[PDB]
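Here the structure comes first, spelled out in structure tokens, and everything after it is commentary.
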Amino acid sequence: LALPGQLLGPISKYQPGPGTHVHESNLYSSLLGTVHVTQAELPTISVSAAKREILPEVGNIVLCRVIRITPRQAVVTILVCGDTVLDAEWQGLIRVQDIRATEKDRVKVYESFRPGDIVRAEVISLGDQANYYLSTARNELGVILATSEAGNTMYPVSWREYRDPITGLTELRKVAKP
Amino acid sequence: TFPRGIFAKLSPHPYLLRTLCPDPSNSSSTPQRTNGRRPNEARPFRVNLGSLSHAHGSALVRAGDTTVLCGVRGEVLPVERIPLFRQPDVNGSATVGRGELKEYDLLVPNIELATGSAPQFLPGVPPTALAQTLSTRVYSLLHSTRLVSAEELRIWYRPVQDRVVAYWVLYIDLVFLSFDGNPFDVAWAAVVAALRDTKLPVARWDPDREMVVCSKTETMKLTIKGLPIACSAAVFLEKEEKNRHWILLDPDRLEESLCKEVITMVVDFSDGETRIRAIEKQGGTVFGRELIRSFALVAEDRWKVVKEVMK
Amino acid sequence: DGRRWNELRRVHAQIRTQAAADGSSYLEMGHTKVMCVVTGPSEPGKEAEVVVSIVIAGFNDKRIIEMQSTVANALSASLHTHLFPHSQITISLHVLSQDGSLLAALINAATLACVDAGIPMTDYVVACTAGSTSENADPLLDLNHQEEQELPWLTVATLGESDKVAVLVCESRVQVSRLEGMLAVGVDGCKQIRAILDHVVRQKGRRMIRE
Amino acid sequence: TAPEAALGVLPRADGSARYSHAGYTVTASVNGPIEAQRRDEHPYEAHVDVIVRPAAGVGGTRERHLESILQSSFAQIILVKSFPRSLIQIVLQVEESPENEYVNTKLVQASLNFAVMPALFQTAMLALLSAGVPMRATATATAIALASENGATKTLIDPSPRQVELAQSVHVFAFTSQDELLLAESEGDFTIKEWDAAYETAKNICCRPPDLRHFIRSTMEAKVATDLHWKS
Amino acid sequence: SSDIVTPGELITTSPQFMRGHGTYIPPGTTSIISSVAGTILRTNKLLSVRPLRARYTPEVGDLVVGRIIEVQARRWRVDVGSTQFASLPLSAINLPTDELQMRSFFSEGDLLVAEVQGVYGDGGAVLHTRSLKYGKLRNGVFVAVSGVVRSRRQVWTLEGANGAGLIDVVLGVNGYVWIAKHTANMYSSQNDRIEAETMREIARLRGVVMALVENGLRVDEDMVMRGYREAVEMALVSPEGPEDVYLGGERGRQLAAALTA
Amino acid sequence: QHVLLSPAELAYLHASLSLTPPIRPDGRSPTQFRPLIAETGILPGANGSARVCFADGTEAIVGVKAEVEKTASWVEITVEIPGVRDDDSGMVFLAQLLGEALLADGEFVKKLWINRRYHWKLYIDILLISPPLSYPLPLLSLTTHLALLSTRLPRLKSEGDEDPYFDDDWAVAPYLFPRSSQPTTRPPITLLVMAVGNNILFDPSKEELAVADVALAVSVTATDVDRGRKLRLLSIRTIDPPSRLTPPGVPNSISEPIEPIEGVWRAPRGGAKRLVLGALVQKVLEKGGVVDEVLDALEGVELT
Amino acid sequence: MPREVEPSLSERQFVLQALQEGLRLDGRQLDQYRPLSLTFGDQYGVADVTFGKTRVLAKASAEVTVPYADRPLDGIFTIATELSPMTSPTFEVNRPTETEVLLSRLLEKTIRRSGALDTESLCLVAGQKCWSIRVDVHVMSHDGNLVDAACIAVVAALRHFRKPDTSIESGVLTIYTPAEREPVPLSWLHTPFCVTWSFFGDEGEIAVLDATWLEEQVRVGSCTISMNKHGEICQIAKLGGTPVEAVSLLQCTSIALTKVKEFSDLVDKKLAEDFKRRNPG
Amino acid sequence: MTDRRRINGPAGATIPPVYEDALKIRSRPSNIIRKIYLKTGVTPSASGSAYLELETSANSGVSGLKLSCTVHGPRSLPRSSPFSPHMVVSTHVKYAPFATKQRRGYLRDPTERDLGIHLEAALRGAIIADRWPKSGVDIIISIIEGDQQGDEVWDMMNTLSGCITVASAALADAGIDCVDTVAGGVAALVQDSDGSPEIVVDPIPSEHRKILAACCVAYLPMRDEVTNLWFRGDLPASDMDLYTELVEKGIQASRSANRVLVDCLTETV
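Protein chains in written order, with the deposited numbering: chain I, 8 to 46, 67 to 77, 92 to 219; chain C, 13 to 105, 109 to 175, 200 to 279, 287 to 357; chain B, 16 to 60, 88 to 101, 112 to 186, 193 to 269; chain D, 8 to 216, 236 to 258; chain H, 58 to 153, 163 to 212, 219 to 255, 281 to 358; chain E, 7 to 77, 117 to 226, 238 to 282, 307 to 333, 363 to 413; chain A, 1 to 281; chain F, 1 to 21, 29 to 155, 163 to 283.
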């Protein structure tokens with residue numbers, strides 16, 4: 008429960024980690040939180076606040106809602122980061138080439154995803170722009186929940202396609218392996 | 013899967029439904045919204061008065077997270093400055112002016128949603144629409160209510200024919216530090232409370248100075264008429287057998303976001319007869335004639351609790 | 016007074032006045048004085091956009117923006133705006149003193165600021181302010203601030219020696235008949251103000267090429 | 008006494024209309040589904056923008072309220088879902104309002120004008136139908152004002168501005184073709200019993216076996251048939 | 058030529074001649090009239106006007122140094138001092163998926179050396195760093211001549233003085249100059290150790306370029322080199338000492354006057 | 007203002023200024039100031055006026071106009126940067142700093158007093174003719190000082206108990222802040249002091265300021281001697321090192366470096382250090398200090 | 001939204017060629033002025049002017065407000081023009097536009113410079129009371145000469161408006177309720193009118209009296225002369241354009257007066273036709 | 001000038017109240040710092056917040072000055088704004104309508120902006136901007152009351175000390191990294207019965223007959239650093255040694271102020 012600036016440890020005893028600002032060989036905390044230690068390599072200390094509002098970091102799984110679908114890309118708000126819901130919402134875009142690495146040219150945005158769905162994807166890279174970039178290439182990544190164009194909740198039938206129960210209509214979208 | 017809290021931000025509306033109409037559970041199964049307060053339940057008002065030293069009258073109203081700070085500032089307007097002044101007749105020996116308060120704009124309210132108030136409302140931007148529409152609403156109600164008399168504000172010369204040298208002008212400004220509940224409901228009650236706390240200084244014109252003067256150690260209290268208090272609610276509909291309709295009273299911000307129809311009723315019980323000073327419904331077909339009437343019963347109950355809060 | 020109608024206020028013009036600016040100009044017509052500093056064609060951090095900013099030294113916001121819009125559009129016809137699409141051109145003009153004919157000094161001083169910057173110009177754009185002076195006729199070329207209140211004032215800007223007028227602004231009433239004589243007067247003034255302006259550009263160049 | 012209105016008054020607009028009743032003249036412009044400035048734009052569904060332009064002066068805060076009310080009510084009528092990101096622009100300019108001979112003009116007023124509302128709801132609906140915007144239903148709105156001087160209560164309908172100030176209470180109502188209240192606003196000292204009587208009196212405009239339902243239909247019918255003269 | 062030409066002057070009405078950079082021909086009937094204030098020039102039976110003062114205009118062969126202003130995707134944008142910002146394609150940049167790693171290669175505010183692969187014709191320029199030498203600048207100080221003269225070689229490594237390591241110097245045709253210590282992680286911003294003596298001298302070399310450009314004395318390899326030499330002497334003879342690096346003020350004018358002598 | 011610089015070049019500047027001998031980019035010694043060309047009386051139609059030019063090329067014209075007003118603010122500042130709206134916050138602060146120096150003088154306000162119920166008011170307009178290439182406070186301080194010196198206030202033939210009266214001929218008018226030849241006060245000076253590590257530097261260069269560890273603006277006024309001068313400190317304020325607002329440097333290939370490596374420049378996270386602040390004030394306030402050198406040259410400047 | 005709609009280049013070519021031939025898309029010669037309909041609202045002080053497809057309505061308001069401290073003697077007169085989203089989808093409320101800013105100033109000067117309104121008549125009490133005459137120019141549809149249409153409306157609306165009568169009793173002014181006392185006419189000395197000329201060719205070769213919107217985007221520059229029937233010209237505004245030789249400019253002014261007179265006769269007649277209906281005599 | 005946005009008062013100008021025609032020194036200097044009340048969580052919706060109150064005299068006479076601060080979490084910046092690797096820090100301070108003088112909310116008085124930059128200078132140093140690229144933290148303070163030409167500056171310094179003290183509290187409640195807690199402090203020099211030399215840790219202007227000089231510091235306890243210092247005086251250079259003390263008393267004040275902040279944050283949250 009150390010306040011910002013408690014003298015956590017000498018640099019020799021421990022290694023800098025998230026939540027720690029090191030100045031003058033005396034590591035210090037940078038946030039008000041409960042400390043932890045990981046324990067060749069020295070140990071690493073960290074301080075964590077009790092919503093974290095973490096910035097998206099590359100290679101992290103994210104759950105996100107598609108504002109719009111566009112020919113060259115998909116525009117998706119990054120609603121949640123794994124285990125931390127985001128009070129602060131950052132937009133994220135998914136490329137056509139990124140949605141499915143197999144059959145790249147055949148992959149089309151309209152068939153892969155549809156507005157209002159919730160998708161699970163990694164962060165391919167930082168924005169290089171206002172909008173961060175994400176990719177659903179991995180088989181596990183896919184639309185986890187969807188709302189039909191009719192408005193009926195859709196239950197998955199096959200990996201390529203989603204079925205609307207009452208309509209009996211099937212819409213094509215990438216769905217998650219897990 | 014049901015990752016706790018992670019689920020809510022996604023698919024918010026359905027989550028409210030499950031809690032609203034619980035499936036058969038080893039529980040009372042009372043309809044509990046995400047707020048934790050039943051639909052008939054209401055946020056608890058808490059009012060504390062006399063906080064601001066600089067203002068003539070001060071009042072703080074809290075409805076859980078939502079908070080309003082109201083201050084009454086008194087200014088003197090020379091009768092000569094106001095356009096269209098006509099000396100009043102104390103008694104008459109059938110034509111009605113627009114109103115001494117209206118034509119002279121003697122009361123100037125303004126409701127100011129803080130930039131701090133909500134993630135939604137932020138600074139450096141011209142006023143948000145909800146903030147402006149609420150301000151006029153308070154203005155309109157104050158003149159229709161006749162809460163503050165026009166006569167009390169007048170300043171009289173008292174020559175040893201008597202004449203009015205000026206009208207007291209009462210400025211009411213309100214600031215929300217936080218906004219998680221219905222805006223208007225908290226504000227109006229705060230305005231009435233603040234006006235009650237108002238203690239304008241006794242003022243006398245000095246003939247030699249030729250300037251209106253106020254006297255230290257002199258205290259007069261504005262006479263408020265009635266105690267109109269309001270309750271507002273919004274309907275939640277399961278649509279995105288007619289779709290189920292639930293009435294939600296004193297809504298939380300999220301509920302305001304996922305509910306498209308609202309109602310606000312202003313009622314006074316002081317006379318001993320239920321009196322509806324103003325009603326407003328928008329955005330839905332739920333609030334039929336039968337629902338409107340019976341909302342006043344919830345309002346009456348809301349009025350009865352507020353007077354205990356407001357001494 | 017003491018000025019013949021044909022005669023103009025004494026003019027002293029400086030080019031490349033600013034030690035370190037893409038283009039600069041300093042013009043004083045009688046008592047009025049104007050300084051101009053122009054950013055060179057440059058891209059902010088299709089045709090090019092000219093921004094005009096006029097700052098009046100402490101010795112009406114609508115009047116200024118009207119003057120800013122006037123100088124920009126006039127200079128824009130002379131300036132070869134079309135050559136550089138993505139670039140922006142900014143003209144900053146500051147007035148130290150006013151003796152009337154302020155607009156004319158700004159457009160004249162600015163046109164001198166442009167030729168310094170080297171931005172391609174179709175021709176010098178030069179303007180003077182002339183008035184009728186009431193059927194007796196003594197049309198005047200240079201209008202004092204005193205004279206403009208007394209007499210109707212017309213400001214006319216031309217594309218150099220040519221009779222063509224890019225800008226003509228008059229905010230004080232005149233009868234239609236008087237006008238025909240007023241504009242020609244102004245036109246005659248413009249060539250004079252071009253002449254001094256062309257001398258100022260040429261003299262600096264002679265020293266530059268010498269240096 | 009009897010409503011009178013015309014459609015297509017403004018040629019350039021996707022839809023336009025003019026309404027005149029109770030001494031209120033409104034001319035309104037409706038613009039079809041349009042690309043929406045992102046700050047105004049809501050992705051999943053369209054955003055309807057309402058602009059109320061005063062006959063004289065500049066838009067008051069009250070004018071901001073009158074537009075907010077109109078937007079919420081009209082969005083249910085309009086089918087927002089069909090066009091995802093479109094902006095539906097409704098612009099109303101009031102040409103004339105009934106004069107109050109008993110008070111000089113005051114340009115800026117803060118109070119909520121219940122008397123202009125009844126004309127706007129009827130004006131816009133006429134214009135929107137000319138635009139062709141998809142609608143679940145059609146709705147009409149009138150306003151009732153109650154005066155007590157006569158004793159008991161005197162019902163005054165489509166009230167004038169001087170009337171609302173003299174009147175004890177004012178009440179404005181609006182009904183969908185499927186007879187249900189889309190909006191209701193009242194100000195004054197009144198009792199729910201008196202309100203219900205105003206609702207049933209207001210109900211008459213909405214259900215018929236003035237006659238508002240017939241008016242909108244008739245006005246549309248003449249233009250519809252006029253437009254379809256080519257079928258021949 | 059001998060006499061200066063002002064905007065609005067009719068150079069010639071003869072048909073034989075053709076328009077040249079700086080000259081504008083009225084529509085219809087053929088006439089050639091200057092647009093800029095410049096010495097008249099007569100190249101290839103084309104008549105052109107050379108501005109007395111004008112911004113840098115790109116040509117294919119030039120070597121320039123510019124700082125990246127905006128990292129537009131599929132592009133880079135550099136300040137070549139031209140009327141319109143220059144653009145550097147990612148394809149030209151030397152490489153050690164590239165689009166995701168673009169900001170790692172270069173950042174906003176970074177400084178580079180490159181040669182114009184092409185001129186757009188609108189005044190814009192396309193830069194290429196494909197050549198092995200060109201890379202991110204490092205271990206130096208920025209100077210702006212705001219002149220530089222086109223030479224076969226605008227990059228040389230000096231001997232140095234007072235025990236200073238060899239100081240590389242890059243003279244942009246565009247007018248930007250980078251003076252640094254001479255010495281695949283090329284794109285990183287780490288700076289190898291720069292010895293104090295070198296730091297002092299780097300400024301003096303910077304002093305010469307500034308004083309000379311101010312003096313109107315053209316800038317080229319020999320002249321910049323020569324200034325350093327005269328400057329070193331000026332300090333040793335100076336009462337101030339050998340470490341009065343500053344060539345600013347009249348002292349700068351004097352070094353130039355001596356060079357002109 | 008807000009110059010943009012590569013991570014590396016900022017790294018070279020910080021180290022150069024850090025070395026025990028302060029090897030600045032231009033070779034200027036810590037105390038020395040860059041050449042300045044100034045004129046007074048440039049602006050017509052004012053009780054006072056001034057203009058100044060810098061090696062950077064940044065330039066300004068400042069004018070001071072006064073009219074007695076019944077005894117409300119006694120001195121009024123207006124700044125008019127070309128690309129800046131009047132509303133911009135930075136300018137209002139800058140204007141405030143300049144104003145703080147003058148008003149806290151006591152001598153200056155005392156000079157303005159005429160009658161118990163009447164007081165002279167000084168309206169100052171500071172105009173940056175040049176583009177706002179670099180931070181502008183340094184130029185504004187000297188310019189305002191010069192114009193104040195040039196300000197001539199008409200002599201009052203009133204006995205100075207009665208409602209006041211004045212003389213037409215301007216030459217009679219006493220100069221404000223007259224020259225030495238009663239003790240002669242000096243109009244206030246407001247200069248910026250920069251510090252890189254232990255070293256302190258003056259007349260900071262735009263390129264230099266970016267690497268600043270700490271930056272303070274110290275405002276001093278002196279009493280002429282009619307060991308040169310007796311100086312008085314009035315206002316100090318902290319200008320945030322623009323350093324913080326800069327690119328980070330990627331180390332040659363650890364969320365925060367365990368140890369600070371040579372070549373990388375990281376925005377200076379901490380604030381100023383107490384020991385540095387006092388010495389920085391000490392140098393400016395020292396007798397025979399840089400302040401006297403600057404102030405005397407400005408007194409030397411030609412007038413009208 | 002794109003801030004401005006741009007005519008397709010293929011279209012832009014036809015209009016330039018048509019104008020050179022003298023043929024006009026409008027179907028009427030260059031000298032022509034589109035048909036004018038001026039209709040006054042039954043309420044006092046409301047005027048609707050229609051040129052071709054463009055309509056602008058002007059309503060006059062006269063509140064009594066406190067005078068500005070700078071000039072206690074003169075009352076305030078303001079012409080407020082607001083481009084509307086109904087005008088064109090582009091225009092956005094609460095956001096300035098280049099055309100909107102200029103229209104108000106040009107018009108405001110035309111009435112003021114001609115001085116039909118008296119600053120002396122406006123002031124009631126020098127210290128604290130002054131009239132606030134205003135005209136709100138509402139643009140209903142934007143085709144062509146918005147400035148020209150607004151001027152004829154503003155001048156018409158002003159003359160039709162009636163101030164609330166004022167009478168001073170016991171040396172005490174009293175602003176009279178309309179029911180208490182009859183309204184008062186506007187004390188109008190002379191009437192200004194405004195006419196806009198548009199040039200469409202390099203060198204200003206072609207001049208068009210009234211411009212359609214499509215024509216308006218193509219033209220190089222334009223000039224607007226504001227002239228009283230008797231010939232006293234209150235304002236001239238060739239604020240900017242490709243250089244047009246002076247001789248053509250002067251010629252356009254003499255033509256303008258011929259257009260001004262015919263406007264003055266209609267408006268004076270129209271004021272009569274309505275007046276006779278209201279007050280037969 | 002009537003806002004299309006907001007309700008407007010009478011066109012004629014209103015007049016302030018007019019009334020018909029020697030405080031002892033409050034307390035000991037070293038512990039003079041007024042007892043303060045700081046609570047985090049005043050506003051939940053925001054990522055962090057805090058409320059600060061001060062007692063006009065002695066203990067709990069009245070709540071004379073009251074601050075409410077709202078810190079917004081690392082917020083996605085505007086798309087048009089240029090990319091910044093450093094976290095943008097922006098401070099907005101608005102005086103409430105209730106002060107000795109009515110201050111319009113729209114006005115954003117020049118007196119108010121000056122505070123925002125200082126506060127922006129104090130907080131900016133403490134925040135670690137390198138860890139959150141493309142992130143914008145918005146610090147906002149709304150002042151309920153003020154403390155209580164020359165007199166104005168002294169009152170302002172006290173309000174600044176509280177604004178930096180609430181902000182540190184706000185920044186902590188949100189997960190905003192801070193090298194150290196930033197605590198506000200004030201100091202001044204006063205003369206009492208010819209006792210010119212003494213320095214008072216809390217100014218308390220009205221009580222002091224005249225105030226020679228004053229400083230407001232923002233010491234970062236645990237790091238020997240001052241993020242922001244501003245001082246007004248007419249101090250003889252010969253007497254400069256006291257300035258060092260006045261500055262050192264200010265930072266001694268800040269450590270005391272820090273105690274409240276650390277305690278409130280340390281106490282059950």
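Positions of the beta carbon are idealized from the N, C-alpha and C atoms, including for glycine.
Around the beta carbon of residue 97/C, 16 or more other beta carbons sit within 10 angstroms, so the residue counts as buried. Exposed is the label assigned to residue 101/H, since fewer than 16 other Cβ atoms lie within 10 Å of its Cβ.
Using a CB distance below 9 angstroms, the part of the stretch 122 to 134 of chain H facing chain I consists of 128 and 130, ordered along the chain. Here residue 352/H is near residue 328/H, since their CB atoms are less than 7 angstroms apart. In the structure shown, residue 218/I falls within a coil segment according to DSSP collapsed to helix, strand and coil.
Membership of residue 202/E in any alpha helix (DSSP H) is not indicated, and neither H nor E is assigned to it by DSSP. For the stretch 37 to 63 of chain D, the beta-carbon criterion of a distance under 9 angstroms to any beta-carbon of chain I is satisfied by 50 and 51. From the listed residues 211/F, 184/F, 236/F and 230/F, the smallest Cα separation to residue 58/F is found for 184/F.
Runs of the beta strand (DSSP E) lying entirely within the stretch 76 to 124 of chain A, each at least 3 residues long, are 76 to 82 in chain order.
Proximity of chain C to residue 175/A at the Cβ level (cut-off 8 angstroms) is accounted for by 95 and 96, in chain order.
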